[PDB]
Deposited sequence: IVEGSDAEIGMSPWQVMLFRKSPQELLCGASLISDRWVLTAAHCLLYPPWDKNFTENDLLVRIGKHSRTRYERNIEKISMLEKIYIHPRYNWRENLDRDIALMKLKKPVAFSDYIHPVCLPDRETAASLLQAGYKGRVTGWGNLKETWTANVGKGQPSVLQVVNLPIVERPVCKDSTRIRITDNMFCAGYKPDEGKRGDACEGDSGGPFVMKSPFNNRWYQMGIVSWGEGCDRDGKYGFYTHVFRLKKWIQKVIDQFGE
C-alpha cells in the first residue's frame, strides 16, 4: 500500500496473508468469507508470463495477522489448502479479466477478536454502493512505494467513473473490473501495489453497518502514478461463479 497508514488491531479481521512455504515469503493478500473459504485474485496463483503456477501444497494461509514478518503466537492461525479454484475464463493472456480464485481450507478456522469473515454483496448492496465518488478501503502488507511495512497498511479510495478508467490506460477494460484512486487534481494519493494483490476492497454499508467486499486488488501500471488507477475485480459480477463453486464443493 502506497500513502497508507498502519491499520488498527482487529480493523480488518477478514484479511488473510498468502504465504509461500519455500522460500518463506509473502505471496499475496486474500480475504476470509466463511470459516472454510478464502477469496483471492487468480494472478496470485496462476500467471504464465512470469512462470507463476502455485498448487495447494506450495502455500499456507495466515489468518488474524497484524505484523508482516512476526509469527504472532497465540493470535494468528495458520492453515493448509485443500483445494484451489481459478475462474475458468480468467484471462491472464490479455487483461486479467475475471481475476478471481477461491481456496478451500483443510479445516474450518475458529473465529476470534482478530479473525472474522467479511460479507459478500448482494445485487442491491452492489447497486447502492458501487458508485463514482463513494470510497472503499484497501488493506495489505505490500510495497510502500513503486520499502516494506512492519504492520498491515490501510488506505481509503474513491471509485472512479468508468470512462476515466478506460481513458487512463491502453489495456482493454471489461465489466468485471472497476478502478479506484484519486485524480491528479484531487491532491490526495494512495494505491495498492506489489504484494497487495488478491486483497479485499471493502465498503461499509450505511444501511446495516456491515462490511462488504466489493473488489479484489487486481492490477495497475506502477503504483500510485498520477493519472493512473488501481483496478479491482468486480466481485458481485462474479458472484454466481462463486456461489456455484461453494455449494458444489
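Where C-alpha coordinates are absent, the deposited sequence of this PDB chain has the segments 147-154, 258-259.
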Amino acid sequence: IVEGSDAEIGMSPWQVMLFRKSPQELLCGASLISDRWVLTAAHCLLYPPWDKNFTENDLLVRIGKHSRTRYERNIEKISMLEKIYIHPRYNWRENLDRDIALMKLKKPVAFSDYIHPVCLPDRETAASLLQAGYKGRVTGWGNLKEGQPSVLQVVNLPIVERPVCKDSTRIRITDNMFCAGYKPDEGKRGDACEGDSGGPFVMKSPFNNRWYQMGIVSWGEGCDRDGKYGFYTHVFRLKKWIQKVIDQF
From here on, numbers count along this sequence of modelled residues.
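The stretch with the higher mean CA B factor, choosing between 201-209 and 184-192, is 184-192. Mean CA B-factor, 75-83 versus 98-106: the higher value falls on 75-83. For the set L46, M214, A41, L59, the PDB entry puts the maximum C-alpha B factor at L59. The deposited CA B-factor of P149 belongs to the highest third of values across its chain. In the deposited entry, the Cα temperature factor of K21 places it in the highest third of its chain's modelled residues.
Among all modelled residues in this chain, the alpha-carbon of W219 has a temperature factor (C-alpha) in the lowest third. Sorting the modelled residues of the chain by their CA temperature factor places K135 in the middle third. For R123, the recorded CA temperature factor ranks within the highest third of the chain's modelled residues.
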